[PDB]
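**Q** Following this: a sequence and the matching experimental structure.
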Amino acid sequence: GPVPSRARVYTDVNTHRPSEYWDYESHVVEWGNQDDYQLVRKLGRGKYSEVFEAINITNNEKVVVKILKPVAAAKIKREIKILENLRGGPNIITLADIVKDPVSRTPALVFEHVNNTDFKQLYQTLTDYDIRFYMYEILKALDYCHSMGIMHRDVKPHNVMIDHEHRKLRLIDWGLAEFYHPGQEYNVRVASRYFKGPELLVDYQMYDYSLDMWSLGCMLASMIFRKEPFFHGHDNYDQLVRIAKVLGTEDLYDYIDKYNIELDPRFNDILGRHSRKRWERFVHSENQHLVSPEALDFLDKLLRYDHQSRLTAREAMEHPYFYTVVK
Ligand SMILES: NC(=O)c1cc(CNCCCCOCCNc2nc3cc(C(N)=O)ccc3c3cnccc23)cc(OC(F)(F)F)c1
């Protein structure tokens with residue numbers, strides 16, 4: 001059967017921390033006062049919740065309220081405990097309160113509000129310097145949560161808020177986040193399709209923080225190459241084929257063989273034989289200003305099949321690509 005795997009960093013953070021830290025089911029939620037918040041406007045709806053812009057009438061400040069749908073109402077302690085554990089950490093969204101909505105009768109998480117600087121075009125007109133700057137900001141959040149024994153498991157543009165006017169970044173939506181325990185088998189049905197790591201696509205459950213680093217690599221490739229999304233799969237199976245057309249099938253088979261992973265036989269009729277492509281294949285006159293030898297070297301060290309061979313968030317922060325960023 002499958003060969004076991006463990007993270008090469010922060011392997012034992014949860015083991016040596018008290019059980020109070022990671023035992024989210026034992027956590028006692030302290031309930032705030034719903035009367036402090038007035039909903040202002042709908043910001044979006046997902047499969048398990050709805051998010052609204054709101055005002056805290058006790059201080060006149062804007063907040064964002066996530067109202068859980070009755071189905072996900074029982075599963076809130078994991079997200080609450082992760083948010084409390086990470087509160088105050090660099091670029092992590094702040095959980096301001098937890099109240100019970102009077103209409104839905106379900107839990108509502110109240111978050112810090114970030115001034116949005118429009119996503120219709122603003123995150124397409126980012127300069128090469130801005131890309132490095134914001135990528136370093138995301139790395140601070142990921143190294144922090146990984147150092148705290150938490151994997152985000154849903155890194156994607158929709159979960160990265162940017163107030164470009166104040167150069168402020170927050171990593172949001174910790175609803176899929178989980179505590180890392182070495183040897184634990186996790187659900188592979190996490191992350192959005194275009195950002196799923198090869199470990200999820202091949203059904204390898206013993207993954208770790210390095211899943212976030214693959215997702216970060218997908219984001220970086222899309223920004224520097226202006227190809228959104230970078231790996232544009234039609235479904236979860238075609239997603240792996242899209243990846244194999246870039247990284248090649250030989251390294252994919254080396255990966256599955258290393259961990260004694262048997263590929264889903266449905267891949268036999270779609271995978272084919274592909275060589276590893278050189279990164280300069282994706283460079284053209286319209287993206288060359290965002291590309292540099294440092295960007296390609298960095299991207300190459302994130303987008304690797306072997307989850308154990310990718311740069312960790314701390315190693316990524318040491319990379320030459322970030323030398324030009326003012327620290
Ligand atoms: N490739 C690219 O195009 C791209 C695009 C972006 C921009 N993405 C914006 C996505 C907006 C999605 O809005 C969701 C609705 N609004 C809010 N939702 C919340 C949910 C929670 C929560 N559930 O935890 C908590 C708080 C808030 C919150 C708070 N203040 C205001 C509004 C909200 C960045 C990028 O990253 C980069 F790489 F660094 F550059 C790349």
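**A** Cool, got the structure. Numbering: from 1, shown residues only.
**Q** Show me where the stretch 1-150 of the chain has its strands.
**A** Applying DSSP state E, counting those that start in this stretch to the stretch 1-150 of the chain gives strands spanning 37-45, 49-56, 61-68, 95-100, 107-112, 150-151.
**Q** mind checking how far residue 145 is from residue 212?
**A** From residue 145 across to residue 212, the span is 8 Å (Cβ to Cβ, to the nearest Å). (Each C-beta comes from the backbone N, C-alpha and C, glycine too.)
**Q** scratch that, residue 201 is what I was asking about
**A** Distance from residue 201 to residue 212, by Cβ to Cβ: 16 Å.
**Q** neighbour-wise, which of these two wins?
**A** residue 212 (28 against 24; other Cβ atoms under 10 Å).
**Q** Now the residue nearest the centre of the chain: which helix or strand?
**A** Geometric centre of the chain, nearest residue: residue 155, 1.5 Å, by Cα atoms, centre = their mean. Residue 155 belongs to no helix or strand when assigned by DSSP states H and E.
**Q** which residues does it contact?
**A** 138, 142, 171, 191, 195, 212, 215-216, 219 (Cβ atoms under 8 Å, 6 or more residues apart in numbering).
**Q** if you set the cut-off to 7 Å instead, what comes out?
**A** Residues near residue 155 by Cβ atoms under 7 Å, 6 or more residues apart in numbering: 195, 212, 215-216.
**Q** do the same with residue 72
**A** Going by Cβ under 7 Å, 6+ apart, the list of residues near residue 72 reads 48-49.
**Q** where's it relative to the ligand, distance?
**A** 12 Å (Cβ to the nearest ligand atom, to the nearest Å).
**Q** what does this structure have sitting close to the ligand?
**A** Within reach of the ligand by Cβ under 6 Å from any ligand atom, the chain has these residues: 43-44, 51, 64, 66, 93, 111, 113-114, 116, 119, 123, 134, 138, 157-158, 160-162, 172-174, 219, 222-223.
**Q** which of those are buried?
**A** Neighbour-count burial (16 or more other Cβ atoms under 10 Å) applied to those gives 51, 64, 66, 93, 111, 113-114, 123, 134, 138, 157, 160-162, 172-174, 219, 222-223.
**Q** so of the residues you listed, which ones are in helices?
**A** Residues of these located in helices (DSSP state H): 134, 138, 219, 222-223.
**Q** Check the gap between residue 128 and residue 141 for me.
**A** Distance from residue 128 to residue 141, by Cβ to Cβ: 21 Å.
**Q** These two: who's more crowded?
**A** residue 141 (24 against 17).
**Q** And that one, how far from residue 113?
**A** Distance from residue 141 to residue 113, by Cβ to Cβ: 18 Å.
**Q** repeat for residue 68
**A** Applying Cβ to Cβ to residue 68 and residue 113 gives a distance of 19 Å.
**Q** Tell me who's in contact with residue 231.
**A** 194, 218, 239, 242-243.
**Q** any chance of these in a markdown table, plus secondary structure and neighbour count?
**A** A markdown table is the format used below for those (DSSP: H, G, I helix; E, B strand; the rest coil; neighbours: other Cβ atoms under 10 Å):
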| residue | secondary structure | neighbour count |
| --- | --- | --- |
| 194 | helix | 19 |
| 218 | helix | 25 |
| 239 | helix | 21 |
| 242 | helix | 15 |
| 243 | helix | 23 |
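**Q** Neighbours of residue 35, how many?
**A** 10.
**Q** Ignoring the adjacent residues along the chain, who's closest to it?
**A** Computed as Cβ to Cβ, 6 or more residues apart in numbering, the closest residue to residue 35 that is not its neighbour in sequence is residue 57, at 8.0 Å.
**Q** Is that neighbour in contact with residue 38, as I believe?
**A** Yes. Taking Cβ atoms under 7 Å as the definition, residue 57 is a contact partner of residue 38 at 5.8 Å.
**Q** intersection of neighbour lists for residue 145 and residue 212?
**A** With Cβ under 7 Å, 6+ apart, residue 145 and residue 212 have common neighbours residue 152.
**Q** can you pull out the helices in the stretch 151-300 of the chain?
**A** 198-201, 210-225, 236-247, 249-258, 293-302 (DSSP state H, counting those that start in this stretch).
**Q** could I get the ones you listed as CSV with distance to residue 13?
**A** As requested, the helices of the stretch 151-300 of the chain are exported to CSV (distance: least, Cβ to Cβ, whole Å):
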stretch, distance to residue 13
helix 198-201, 20
helix 210-225, 15
helix 236-247, 30
helix 249-258, 25
helix 293-302, 22
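**Q** Which segments of the chain make up each domain?
**A** The record's domain parsing of the chain by CATH domains of a matching chain lists 5-22+114-327, 23-113.
**Q** what's the span of the last one, first residue to last?
**A** I take that to be domain 23-113. One end of domain 23-113 sits 28 Å from the other (Cα to Cα, to the nearest Å).
**Q** Kindly report the same for the first one.
**A** Start and end residues of domain 5-22+114-327 are separated by 35 Å (Cα to Cα).
**Q** returning to that earlier point: and the strands of the stretch 1-150 of the chain, which is most packed in?
**A** Most buried of the strands of the stretch 1-150 of the chain by mean neighbour count (mean count of other Cβ atoms under 10 Å) is strand 150-151; its value is a mean of 26.
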